[PDB]
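In what follows, a structure is listed as structure tokens, so that the remarks can point back to it.
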Amino acid sequence: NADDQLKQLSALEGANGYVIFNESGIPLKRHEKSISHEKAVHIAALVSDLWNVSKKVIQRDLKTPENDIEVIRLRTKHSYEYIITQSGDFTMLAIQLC
Amino acid sequence: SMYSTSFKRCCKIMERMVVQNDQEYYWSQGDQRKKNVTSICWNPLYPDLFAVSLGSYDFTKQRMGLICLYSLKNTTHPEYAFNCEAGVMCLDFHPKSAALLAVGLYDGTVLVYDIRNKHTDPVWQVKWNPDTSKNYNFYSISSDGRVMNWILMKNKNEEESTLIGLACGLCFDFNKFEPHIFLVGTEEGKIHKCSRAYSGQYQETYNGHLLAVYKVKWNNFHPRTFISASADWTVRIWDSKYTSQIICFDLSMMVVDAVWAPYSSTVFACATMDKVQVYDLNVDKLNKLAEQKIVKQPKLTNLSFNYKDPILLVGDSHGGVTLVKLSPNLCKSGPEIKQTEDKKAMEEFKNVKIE
Amino acid sequence: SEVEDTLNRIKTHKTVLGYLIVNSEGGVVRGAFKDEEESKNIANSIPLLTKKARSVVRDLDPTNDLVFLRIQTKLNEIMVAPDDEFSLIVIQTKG
Amino acid sequence: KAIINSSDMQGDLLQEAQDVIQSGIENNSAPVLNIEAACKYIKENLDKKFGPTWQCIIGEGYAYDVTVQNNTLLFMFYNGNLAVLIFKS
Amino acid sequence: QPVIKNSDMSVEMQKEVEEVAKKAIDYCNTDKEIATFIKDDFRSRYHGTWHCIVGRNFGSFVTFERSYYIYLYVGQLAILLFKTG
């Protein structure tokens, strides 16, 4: 819960680009734009809309309503790992090595 | 074609459709509730792969004989098996990589199977001799002692190729550096040595303690050090360079399986009666360094340590499998590694002390 | 035949609650569900999200295809095996 | 490197459309270029040439949904990854 | 958070633009559905023909009626609404 833990998190081996973005779609900090700034913007916007669709489905007809997203971690093996962790205001994403 | 392509997709689909999130306990009881674990082994080609063999006493069940294969991350039950009513023992694998499987049948015969595919004396031991140029030789010690050996590229394997060596003991250990030389403990109370050039070239006997020895191994480290253990519960450090053994060490349960640990430490282990007695001679004297009884099921059978993690795997006399992890005793990391040759010199010093 | 073998092995796999074999369309060939309409809404809309998923996994680049979609929730486990003609979904206990 | 993807109009206007998008690339060919200026140029040129109510659109990843007059629609791709749509309404 | 970038309508019609956009955001997750919501809403309340584009990386050049045009950002979406016919 501090910049010390954040630096440790950056030090987590295997992770390539971290992307924390406010639910408004604003990547606050990052380590993916540190390689290419046009990546995390596209990713944040696209995945925020994806998480909205996920909300629709987590609220559609089988998943009882009032159940929220908790963590949507995806992985495209040999490409990268991409964790999504929703927050009330934030969304923690990370592009790690699969 | 569409059905077959969907099948190829669905194969790996099920494969990693079983693997779900877990903390890392795989206690296998596939049938083997009435079986008895006869052997456990691991695979170098797949460091996460292990093959077990058991012998059954109850014929009212699935089949006869046993070879079961499974990985560390796969479901508790054996993933792949070989089905037939043939009692199978003396199991070994292709030396370069797991492509051929060899088994020494109970009637003295030998069989070989393509892994990449769907006599008045039994054989006692089996070994591959890796000749990288082609197929890899096969040596089987029979229950009378006599050794046989051959290999053929056609594996449907034809025992027409054969060579015979006048051998008296049952479990033949081979010299790690020079594979032609071998030794064995005989029921007559001696430990014979010889080699592959002549079965009668070098017919003297090791007489460290001069007892009926039924187990031999080799220190998987720098020296030409081996070990031989007798029916009289005695363990014997056969240094190849000596005719008198180094440390005539001594403990109950030395008839049974012994092993060098896959650590830098020269750790020893004996195991019967759901009880393992463990030696770490790299940190302490020849007294037992650890001992453990197991209440999971009685009468522990064969074991396996892998170098990767201390998830030690073991079977029971009831045919089941289990595993435990005690990581604090993993490694000491300073005395075991480069002081081990000094430790073997110190064992020779203990011999000079014995004198 | 392999579809039969794999459906059989899924049935053998304990902890499964509701099996769901569909085609590439929204057709549940077999389902171990108490109500079929629930499985209908899923076996229809989940292929839509699967089209979205293949869309994005190619939006990266045509380097990989969606081999699996295996999700685990607190209550159960939705295994999804995308297949050429089929899709192998099962509701299991997340053990 | 013009890669026509969807055609509706006549081949002459096809050729002139390609020429005009090319000329727009040259009008704005630099890392400081914006697709908007080339878009202005395309639309205004096709106005003063083949009549008003033209519409130029450039990008690579997007989703349009527009109403178009028949034989007045084109969409295409560039090896430089420029997806270019044009249409009259 | 609507951000008007280029509008032509009166302040009331603009307020209606952002209100209908907020409603479409509240209800529909897909851009096509949002745009159809807005377009049909305005074509119904007024009379004529409206067109709405919703995107994220988008430029165009269109003709439009006078005081019948807006280009804005509601939240983080590019809404281009106009009236032609």
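Residues are referred to by chain and number: the chain letter is A, B, ... according to the order shown in the structure tokens, the number counts from 1 in that chain, and ligands are numbered separately from 1 in the order shown.
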
Excluding same-chain residues fewer than 4 positions from residue 56 of chain B, what lies within 9 Å of it counting only C-alpha atoms, as a list in words? residues 32, 34, 35, 36, 37, 64, 65, 66, 87 and 319 of chain B

Give me every strand (DSSP E or B) residue in chain A, going by DSSP on the backbone, as number ranges by chain. A: 15-22, 26-30, 72-76, 80-86, 91-96

For the residues in the current selection, export C-alpha atoms as a PDB file, in the first residue's frame.
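Written file, part-v4.pdb:
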```
ATOM      1  CA  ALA A  15       6.442  -8.842 -15.760  1.00  0.00           C
ATOM      2  CA  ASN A  16       6.971  -6.637 -18.806  1.00  0.00           C
ATOM      3  CA  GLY A  17       4.509  -3.753 -18.622  1.00  0.00           C
ATOM      4  CA  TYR A  18       2.333  -2.754 -15.688  1.00  0.00           C
ATOM      5  CA  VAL A  19      -0.736  -0.630 -16.458  1.00  0.00           C
ATOM      6  CA  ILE A  20      -2.794   0.898 -13.647  1.00  0.00           C
ATOM      7  CA  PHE A  21      -5.698   2.899 -15.026  1.00  0.00           C
ATOM      8  CA  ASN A  22      -8.555   4.735 -13.356  1.00  0.00           C
ATOM      9  CA  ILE A  26      -6.429   6.974 -17.528  1.00  0.00           C
ATOM     10  CA  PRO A  27      -3.166   5.009 -17.198  1.00  0.00           C
ATOM     11  CA  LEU A  28      -1.697   6.666 -14.115  1.00  0.00           C
ATOM     12  CA  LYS A  29       1.539   4.703 -13.810  1.00  0.00           C
ATOM     13  CA  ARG A  30       2.979   2.207 -16.239  1.00  0.00           C
ATOM     14  CA  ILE A  72     -10.249 -11.276 -14.812  1.00  0.00           C
ATOM     15  CA  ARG A  73      -6.751 -12.575 -15.487  1.00  0.00           C
ATOM     16  CA  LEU A  74      -6.181 -13.611 -19.094  1.00  0.00           C
ATOM     17  CA  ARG A  75      -3.200 -15.262 -20.712  1.00  0.00           C
ATOM     18  CA  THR A  76      -2.245 -15.621 -24.370  1.00  0.00           C
ATOM     19  CA  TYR A  80       2.090 -12.607 -22.759  1.00  0.00           C
ATOM     20  CA  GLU A  81      -0.003 -12.711 -19.595  1.00  0.00           C
ATOM     21  CA  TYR A  82      -2.474  -9.889 -18.904  1.00  0.00           C
ATOM     22  CA  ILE A  83      -4.082  -9.657 -15.474  1.00  0.00           C
ATOM     23  CA  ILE A  84      -7.121  -7.427 -14.961  1.00  0.00           C
ATOM     24  CA  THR A  85      -8.005  -6.587 -11.356  1.00  0.00           C
ATOM     25  CA  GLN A  86     -11.017  -4.318 -11.054  1.00  0.00           C
ATOM     26  CA  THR A  91      -7.982  -1.198 -12.546  1.00  0.00           C
ATOM     27  CA  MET A  92      -4.667  -2.975 -12.026  1.00  0.00           C
ATOM     28  CA  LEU A  93      -3.401  -4.598 -15.212  1.00  0.00           C
ATOM     29  CA  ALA A  94      -0.134  -6.318 -15.829  1.00  0.00           C
ATOM     30  CA  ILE A  95       1.513  -7.681 -18.958  1.00  0.00           C
ATOM     31  CA  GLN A  96       3.750 -10.440 -17.574  1.00  0.00           C
TER      32      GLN A  96
END
```

Do me a favour and pick out the residues of chain B within 9 Å of chain C, using only C-alpha atoms, as a PyMOL selection string. chain B and resi 2-14+16-18+20-22

Would you pick out the contacts of residue 38 of chain E at 9 Å or less, using only C-alpha atoms, so that residues sharing its chain but fewer than 6 positions from it are not included, and give the list as an mmCIF file with N, CA, C and O atoms, in the first residue's frame?
```
data_model
loop_
_atom_site.group_PDB
_atom_site.id
_atom_site.type_symbol
_atom_site.label_atom_id
_atom_site.label_comp_id
_atom_site.auth_asym_id
_atom_site.auth_seq_id
_atom_site.Cartn_x
_atom_site.Cartn_y
_atom_site.Cartn_z
ATOM 1 N N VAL E 17 -27.979 16.870 -25.983
ATOM 2 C CA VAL E 17 -26.984 15.952 -26.536
ATOM 3 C C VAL E 17 -26.273 15.208 -25.417
ATOM 4 O O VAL E 17 -26.182 13.976 -25.425
ATOM 5 N N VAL E 20 -28.714 12.803 -23.400
ATOM 6 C CA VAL E 20 -28.997 11.581 -24.142
ATOM 7 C C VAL E 20 -27.751 10.709 -24.225
ATOM 8 O O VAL E 20 -27.834 9.479 -24.177
ATOM 9 N N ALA E 21 -26.575 11.332 -24.332
ATOM 10 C CA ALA E 21 -25.334 10.567 -24.338
ATOM 11 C C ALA E 21 -25.113 9.876 -23.001
ATOM 12 O O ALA E 21 -24.717 8.707 -22.956
ATOM 13 N N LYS E 23 -27.444 8.972 -20.901
ATOM 14 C CA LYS E 23 -28.409 7.877 -20.830
ATOM 15 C C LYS E 23 -27.954 6.680 -21.656
ATOM 16 O O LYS E 23 -28.015 5.533 -21.195
ATOM 17 N N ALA E 24 -27.506 6.929 -22.889
ATOM 18 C CA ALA E 24 -27.010 5.851 -23.736
ATOM 19 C C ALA E 24 -25.832 5.142 -23.088
ATOM 20 O O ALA E 24 -25.680 3.923 -23.223
ATOM 21 N N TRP E 50 -30.955 12.692 -38.449
ATOM 22 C CA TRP E 50 -29.736 12.863 -37.684
ATOM 23 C C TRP E 50 -28.812 11.682 -37.933
ATOM 24 O O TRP E 50 -29.250 10.596 -38.326
ATOM 25 N N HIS E 51 -27.526 11.907 -37.705
ATOM 26 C CA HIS E 51 -26.534 10.850 -37.770
ATOM 27 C C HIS E 51 -25.522 11.051 -36.656
ATOM 28 O O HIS E 51 -25.073 12.176 -36.402
ATOM 29 N N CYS E 52 -25.164 9.949 -36.006
ATOM 30 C CA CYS E 52 -24.257 9.956 -34.872
ATOM 31 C C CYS E 52 -23.169 8.916 -35.083
ATOM 32 O O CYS E 52 -23.460 7.748 -35.363
ATOM 33 N N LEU E 81 -22.280 14.092 -33.537
ATOM 34 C CA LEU E 81 -23.686 14.094 -33.910
ATOM 35 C C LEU E 81 -23.956 15.269 -34.836
ATOM 36 O O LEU E 81 -23.379 16.347 -34.678
#
```

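Put simply, atom CA of residue 204 of chain B is 22.5 Å away from atom CA of residue 124 of chain B.
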
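Using only C-alpha atoms, the protein and nucleic acid residues lying no more than 10 Å from residue 61 of chain D, apart from those fewer than 5 places from it along its own chain, are residues 59 of chain C; 81, 82 and 83 of chain D; 55, 56, 57 and 58 of chain E.
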
Written file, previous selection with C-alpha atoms, as a tab-separated table (two decimals), in the first residue's frame:
```tsv
chain	number	residue	atom	x	y	z
C	59	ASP	CA	-6.13	-7.87	-32.87
D	81	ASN	CA	-1.51	0.24	-42.57
D	82	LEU	CA	-3.74	3.18	-43.58
D	83	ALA	CA	-7.36	2.07	-43.89
E	55	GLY	CA	-15.48	6.19	-31.78
E	56	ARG	CA	-12.03	6.64	-30.30
E	57	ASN	CA	-9.67	7.35	-33.24
E	58	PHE	CA	-11.73	9.09	-35.85
```

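You can rank C:41, C:11, C:63, C:54 by their closest distance to residue 60 of chain A using only C-alpha atoms, and at the top of that list sits C:41.
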
Compile the residues of chain C that lie within 12 Å of chain A, evaluated using only C-alpha atoms, and express the compilation as a short mmCIF file (atom, residue, chain, number, x, y, z; two decimals) with N, CA, C and O atoms, in the first residue's frame.
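Writing the result to part_0.cif gives the following:
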```cif
data_model
loop_
_atom_site.label_atom_id
_atom_site.label_comp_id
_atom_site.auth_asym_id
_atom_site.auth_seq_id
_atom_site.Cartn_x
_atom_site.Cartn_y
_atom_site.Cartn_z
N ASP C 35 -31.88 -27.09 -15.79
CA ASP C 35 -32.74 -26.32 -16.69
C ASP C 35 -31.97 -26.02 -17.96
O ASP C 35 -30.77 -25.71 -17.91
N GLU C 36 -32.66 -26.10 -19.10
CA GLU C 36 -31.97 -25.96 -20.37
C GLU C 36 -31.88 -24.50 -20.82
O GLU C 36 -30.95 -24.13 -21.53
N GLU C 37 -32.84 -23.66 -20.41
CA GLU C 37 -32.84 -22.26 -20.85
C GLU C 37 -31.61 -21.52 -20.32
O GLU C 37 -31.05 -20.66 -21.01
N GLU C 38 -31.22 -21.81 -19.08
CA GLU C 38 -29.99 -21.25 -18.54
C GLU C 38 -28.81 -21.58 -19.43
O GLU C 38 -28.06 -20.70 -19.85
N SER C 39 -28.64 -22.87 -19.74
CA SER C 39 -27.58 -23.27 -20.66
C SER C 39 -27.76 -22.66 -22.04
O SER C 39 -26.78 -22.48 -22.76
N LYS C 40 -28.99 -22.33 -22.42
CA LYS C 40 -29.23 -21.72 -23.73
C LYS C 40 -28.65 -20.32 -23.78
O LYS C 40 -27.90 -19.97 -24.70
N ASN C 41 -29.00 -19.49 -22.80
CA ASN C 41 -28.48 -18.12 -22.75
C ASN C 41 -26.96 -18.13 -22.77
O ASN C 41 -26.33 -17.33 -23.48
N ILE C 42 -26.35 -19.06 -22.04
CA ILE C 42 -24.89 -19.16 -22.04
C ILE C 42 -24.39 -19.64 -23.39
O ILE C 42 -23.69 -18.92 -24.10
N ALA C 43 -24.76 -20.86 -23.79
CA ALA C 43 -24.26 -21.44 -25.03
C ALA C 43 -24.58 -20.59 -26.25
O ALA C 43 -24.15 -20.93 -27.35
N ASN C 44 -25.36 -19.52 -26.09
CA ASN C 44 -25.52 -18.55 -27.15
C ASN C 44 -24.65 -17.31 -26.97
O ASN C 44 -23.90 -16.95 -27.88
N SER C 45 -24.72 -16.66 -25.80
CA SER C 45 -24.01 -15.39 -25.63
C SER C 45 -22.52 -15.60 -25.41
O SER C 45 -21.70 -14.76 -25.80
N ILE C 46 -22.14 -16.70 -24.76
CA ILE C 46 -20.73 -17.01 -24.58
C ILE C 46 -20.03 -17.22 -25.91
O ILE C 46 -18.87 -16.81 -26.04
N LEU C 48 -20.73 -15.51 -28.46
CA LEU C 48 -20.55 -14.12 -28.88
C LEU C 48 -19.30 -13.52 -28.25
O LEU C 48 -18.47 -12.91 -28.93
N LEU C 49 -19.15 -13.70 -26.94
CA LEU C 49 -17.94 -13.23 -26.27
C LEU C 49 -16.71 -13.99 -26.74
O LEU C 49 -15.60 -13.46 -26.70
N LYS C 52 -15.73 -12.23 -29.80
CA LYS C 52 -15.00 -11.05 -29.34
C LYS C 52 -13.58 -11.41 -28.90
O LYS C 52 -12.62 -10.67 -29.16
N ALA C 53 -13.43 -12.56 -28.24
CA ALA C 53 -12.13 -12.97 -27.71
C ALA C 53 -11.18 -13.34 -28.84
O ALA C 53 -10.00 -12.97 -28.81
N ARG C 54 -11.66 -14.10 -29.82
CA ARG C 54 -10.82 -14.39 -30.98
C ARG C 54 -10.51 -13.11 -31.74
O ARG C 54 -9.38 -12.92 -32.23
N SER C 55 -11.47 -12.18 -31.79
CA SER C 55 -11.24 -10.88 -32.39
C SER C 55 -10.04 -10.19 -31.75
O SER C 55 -9.13 -9.74 -32.45
N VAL C 56 -10.01 -10.13 -30.42
CA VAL C 56 -8.94 -9.37 -29.76
C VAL C 56 -7.62 -10.15 -29.77
O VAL C 56 -6.53 -9.56 -29.91
N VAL C 57 -7.68 -11.48 -29.63
CA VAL C 57 -6.45 -12.26 -29.62
C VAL C 57 -5.81 -12.24 -31.00
O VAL C 57 -4.60 -12.48 -31.15
N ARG C 58 -6.59 -11.93 -32.04
CA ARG C 58 -5.99 -11.66 -33.34
C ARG C 58 -5.67 -10.18 -33.51
O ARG C 58 -4.74 -9.83 -34.25
N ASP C 59 -6.42 -9.30 -32.85
CA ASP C 59 -6.13 -7.87 -32.87
C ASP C 59 -4.71 -7.60 -32.40
O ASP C 59 -4.07 -6.66 -32.88
N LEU C 60 -4.23 -8.41 -31.45
CA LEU C 60 -2.81 -8.38 -31.14
C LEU C 60 -1.99 -8.61 -32.41
O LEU C 60 -1.31 -7.71 -32.90
N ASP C 61 -2.08 -9.82 -32.97
CA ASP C 61 -1.56 -10.21 -34.27
C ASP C 61 -1.99 -11.65 -34.51
O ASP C 61 -2.22 -12.39 -33.55
N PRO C 62 -2.11 -12.09 -35.76
CA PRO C 62 -2.39 -13.52 -36.00
C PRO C 62 -1.20 -14.40 -35.62
O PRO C 62 -0.57 -15.01 -36.49
N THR C 63 -0.89 -14.47 -34.33
CA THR C 63 0.17 -15.33 -33.82
C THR C 63 -0.35 -16.52 -33.03
O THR C 63 0.31 -17.56 -33.01
N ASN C 64 -1.50 -16.39 -32.37
CA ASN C 64 -2.09 -17.48 -31.61
C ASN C 64 -3.59 -17.46 -31.81
O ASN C 64 -4.18 -16.44 -32.17
N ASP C 65 -4.21 -18.61 -31.56
CA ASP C 65 -5.66 -18.72 -31.57
C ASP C 65 -6.14 -19.01 -30.16
O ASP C 65 -5.37 -19.43 -29.30
N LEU C 66 -7.43 -18.76 -29.93
CA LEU C 66 -8.01 -19.04 -28.62
C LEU C 66 -8.11 -20.55 -28.45
O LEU C 66 -9.04 -21.19 -28.96
N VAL C 67 -7.14 -21.13 -27.75
CA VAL C 67 -7.14 -22.57 -27.55
C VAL C 67 -8.14 -22.96 -26.47
O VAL C 67 -8.99 -23.83 -26.68
N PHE C 68 -8.05 -22.33 -25.30
CA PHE C 68 -8.99 -22.56 -24.21
C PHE C 68 -9.55 -21.23 -23.72
O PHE C 68 -8.99 -20.16 -23.96
N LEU C 69 -10.68 -21.33 -23.02
CA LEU C 69 -11.18 -20.28 -22.14
C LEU C 69 -11.68 -21.00 -20.89
O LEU C 69 -12.83 -21.46 -20.82
N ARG C 70 -10.80 -21.15 -19.91
CA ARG C 70 -11.12 -21.84 -18.67
C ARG C 70 -11.15 -20.82 -17.55
O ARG C 70 -10.11 -20.28 -17.17
N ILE C 71 -12.35 -20.55 -17.03
CA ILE C 71 -12.54 -19.57 -15.97
C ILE C 71 -12.95 -20.31 -14.70
O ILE C 71 -13.63 -21.34 -14.76
N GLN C 72 -12.50 -19.80 -13.56
CA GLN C 72 -12.83 -20.35 -12.26
C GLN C 72 -13.48 -19.27 -11.42
O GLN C 72 -12.92 -18.18 -11.25
N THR C 73 -14.67 -19.55 -10.89
CA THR C 73 -15.37 -18.61 -10.03
C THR C 73 -15.42 -19.19 -8.62
O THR C 73 -15.00 -20.32 -8.38
N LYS C 74 -15.94 -18.39 -7.69
CA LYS C 74 -16.04 -18.83 -6.31
C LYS C 74 -16.93 -20.06 -6.19
O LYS C 74 -16.62 -21.01 -5.46
N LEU C 75 -18.05 -20.07 -6.92
CA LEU C 75 -19.03 -21.14 -6.76
C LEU C 75 -18.65 -22.37 -7.57
O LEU C 75 -18.78 -23.50 -7.09
N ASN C 76 -18.18 -22.19 -8.80
CA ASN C 76 -17.93 -23.34 -9.66
C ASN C 76 -16.79 -23.02 -10.63
O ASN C 76 -15.99 -22.11 -10.40
N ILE C 78 -16.02 -22.94 -14.89
CA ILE C 78 -16.52 -22.96 -16.26
C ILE C 78 -15.33 -23.27 -17.15
O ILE C 78 -14.57 -22.37 -17.54
#
```

Do you know which residues are at most 12 Å from residue 242 of chain B counting only C-alpha atoms, after dropping those on the same chain fewer than 5 positions away, and could you put them as an MDAnalysis selection string? chainID B and resid 205:208 224:226 237 247 348 351

The selected residues should be written to file as a PDB file, in the first residue's frame (atoms: N, CA, C and O atoms).
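Output (result_3.pdb):
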```pdb
ATOM      1  N   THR B 205      37.406 -60.741  -5.550  1.00  0.00           N
ATOM      2  CA  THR B 205      36.196 -60.309  -4.869  1.00  0.00           C
ATOM      3  C   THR B 205      36.519 -59.198  -3.881  1.00  0.00           C
ATOM      4  O   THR B 205      37.568 -59.206  -3.232  1.00  0.00           O
ATOM      5  N   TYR B 206      35.606 -58.237  -3.777  1.00  0.00           N
ATOM      6  CA  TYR B 206      35.733 -57.209  -2.758  1.00  0.00           C
ATOM      7  C   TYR B 206      35.387 -57.802  -1.402  1.00  0.00           C
ATOM      8  O   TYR B 206      34.371 -58.486  -1.253  1.00  0.00           O
ATOM      9  N   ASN B 207      36.238 -57.539  -0.414  1.00  0.00           N
ATOM     10  CA  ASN B 207      36.113 -58.138   0.908  1.00  0.00           C
ATOM     11  C   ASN B 207      36.240 -57.052   1.973  1.00  0.00           C
ATOM     12  O   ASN B 207      37.012 -57.163   2.924  1.00  0.00           O
ATOM     13  N   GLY B 208      35.481 -55.976   1.787  1.00  0.00           N
ATOM     14  CA  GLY B 208      35.390 -54.936   2.788  1.00  0.00           C
ATOM     15  C   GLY B 208      34.935 -55.477   4.126  1.00  0.00           C
ATOM     16  O   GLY B 208      35.686 -55.430   5.105  1.00  0.00           O
ATOM     17  N   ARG B 224      35.455 -42.322  -7.593  1.00  0.00           N
ATOM     18  CA  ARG B 224      35.000 -43.648  -7.997  1.00  0.00           C
ATOM     19  C   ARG B 224      34.563 -44.454  -6.779  1.00  0.00           C
ATOM     20  O   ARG B 224      35.002 -45.576  -6.536  1.00  0.00           O
ATOM     21  N   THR B 225      33.678 -43.857  -5.991  1.00  0.00           N
ATOM     22  CA  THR B 225      33.178 -44.465  -4.772  1.00  0.00           C
ATOM     23  C   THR B 225      31.837 -45.126  -5.048  1.00  0.00           C
ATOM     24  O   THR B 225      30.990 -44.563  -5.746  1.00  0.00           O
ATOM     25  N   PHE B 226      31.657 -46.330  -4.519  1.00  0.00           N
ATOM     26  CA  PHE B 226      30.432 -47.102  -4.632  1.00  0.00           C
ATOM     27  C   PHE B 226      30.067 -47.598  -3.244  1.00  0.00           C
ATOM     28  O   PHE B 226      30.825 -47.436  -2.288  1.00  0.00           O
ATOM     29  N   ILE B 237      31.418 -48.963   1.842  1.00  0.00           N
ATOM     30  CA  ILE B 237      31.899 -47.940   0.919  1.00  0.00           C
ATOM     31  C   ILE B 237      33.017 -48.544   0.075  1.00  0.00           C
ATOM     32  O   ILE B 237      34.200 -48.392   0.391  1.00  0.00           O
ATOM     33  N   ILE B 247      34.497 -47.274   5.034  1.00  0.00           N
ATOM     34  CA  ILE B 247      33.808 -47.112   6.311  1.00  0.00           C
ATOM     35  C   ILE B 247      32.815 -48.251   6.449  1.00  0.00           C
ATOM     36  O   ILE B 247      31.720 -48.199   5.871  1.00  0.00           O
ATOM     37  N   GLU B 348      38.813 -42.172   4.326  1.00  0.00           N
ATOM     38  CA  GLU B 348      40.044 -42.955   4.238  1.00  0.00           C
ATOM     39  C   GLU B 348      40.912 -42.766   5.481  1.00  0.00           C
ATOM     40  O   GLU B 348      41.580 -43.703   5.943  1.00  0.00           O
ATOM     41  N   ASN B 351      39.693 -44.950   7.966  1.00  0.00           N
ATOM     42  CA  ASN B 351      40.235 -46.292   7.749  1.00  0.00           C
ATOM     43  C   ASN B 351      41.598 -46.444   8.406  1.00  0.00           C
ATOM     44  O   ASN B 351      41.853 -47.426   9.118  1.00  0.00           O
TER      45      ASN B 351
END
```

Write out as a ChimeraX atom specification each polymer residue whose atoms come within 9 Å of residue 39 of chain D, counting only C-alpha atoms; drop sequence neighbours fewer than 6 positions from it. /D:21,24,55-58 /E:59-61

Mind writing the picked residues with N, CA and C atoms as an mmCIF file, in the first residue's frame?
```cif
data_model
loop_
_atom_site.group_PDB
_atom_site.id
_atom_site.type_symbol
_atom_site.label_atom_id
_atom_site.label_comp_id
_atom_site.auth_asym_id
_atom_site.auth_seq_id
_atom_site.Cartn_x
_atom_site.Cartn_y
_atom_site.Cartn_z
ATOM 1 N N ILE D 21 -5.907 10.286 -52.632
ATOM 2 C CA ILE D 21 -5.392 9.864 -51.332
ATOM 3 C C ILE D 21 -3.867 9.859 -51.344
ATOM 4 N N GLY D 24 -2.739 13.358 -50.996
ATOM 5 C CA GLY D 24 -2.894 13.741 -49.601
ATOM 6 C C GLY D 24 -1.766 13.223 -48.731
ATOM 7 N N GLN D 55 -17.261 12.483 -48.308
ATOM 8 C CA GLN D 55 -16.875 12.231 -46.927
ATOM 9 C C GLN D 55 -15.626 11.368 -46.926
ATOM 10 N N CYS D 56 -14.553 11.875 -46.322
ATOM 11 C CA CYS D 56 -13.288 11.153 -46.219
ATOM 12 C C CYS D 56 -13.061 10.747 -44.770
ATOM 13 N N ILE D 57 -12.533 9.539 -44.567
ATOM 14 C CA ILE D 57 -12.289 8.966 -43.247
ATOM 15 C C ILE D 57 -11.011 8.146 -43.342
ATOM 16 N N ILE D 58 -10.102 8.335 -42.393
ATOM 17 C CA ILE D 58 -8.833 7.620 -42.395
ATOM 18 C C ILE D 58 -8.549 7.113 -40.988
ATOM 19 N N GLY E 59 -11.542 10.668 -37.660
ATOM 20 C CA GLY E 59 -11.721 11.944 -38.310
ATOM 21 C C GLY E 59 -12.635 11.790 -39.510
ATOM 22 N N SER E 60 -13.312 12.884 -39.847
ATOM 23 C CA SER E 60 -14.218 12.889 -40.986
ATOM 24 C C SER E 60 -14.314 14.304 -41.536
ATOM 25 N N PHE E 61 -15.073 14.436 -42.619
ATOM 26 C CA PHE E 61 -15.503 15.735 -43.119
ATOM 27 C C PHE E 61 -16.911 15.572 -43.665
#
```

I'd like the contact shell of residue 88 of chain D - 7 Å cut-off, only C-alpha atoms, skipping same-chain residues fewer than 5 positions apart - returned as a VMD selection string. chain D and resid 53 to 55 68 to 69 72 to 73

Counting only C-alpha atoms, a student should be able to say which residues of chain E come within 8 Å of chain A; what is the right answer, written as a JSON list (two decimals) with N, CA and C atoms, in the first residue's frame?
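result.json, freshly written:
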```
[["chain", "number", "residue", "atom", "x", "y", "z"],
["E", 29, "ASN", "N", -23.85, -0.83, -23.72],
["E", 29, "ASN", "CA", -22.40, -0.97, -23.64],
["E", 29, "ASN", "C", -21.73, -0.90, -25.00],
["E", 75, "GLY", "N", -17.18, 11.18, -21.15],
["E", 75, "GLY", "CA", -16.26, 10.24, -20.55],
["E", 75, "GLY", "C", -14.99, 10.17, -21.37],
["E", 76, "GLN", "N", -14.79, 9.06, -22.08],
["E", 76, "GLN", "CA", -13.67, 8.90, -23.00],
["E", 76, "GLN", "C", -14.15, 8.29, -24.31]]
```

All helix (DSSP H, G or I) residues (DSSP, backbone) inside chain E, as a PyMOL selection string: chain E and resi 11-27+31-45

Interface list for chain D, partner chain E, 10 Å threshold, only C-alpha atoms, as a ChimeraX atom specification: /D:34-37,39-44,52-67,85-86,88-89
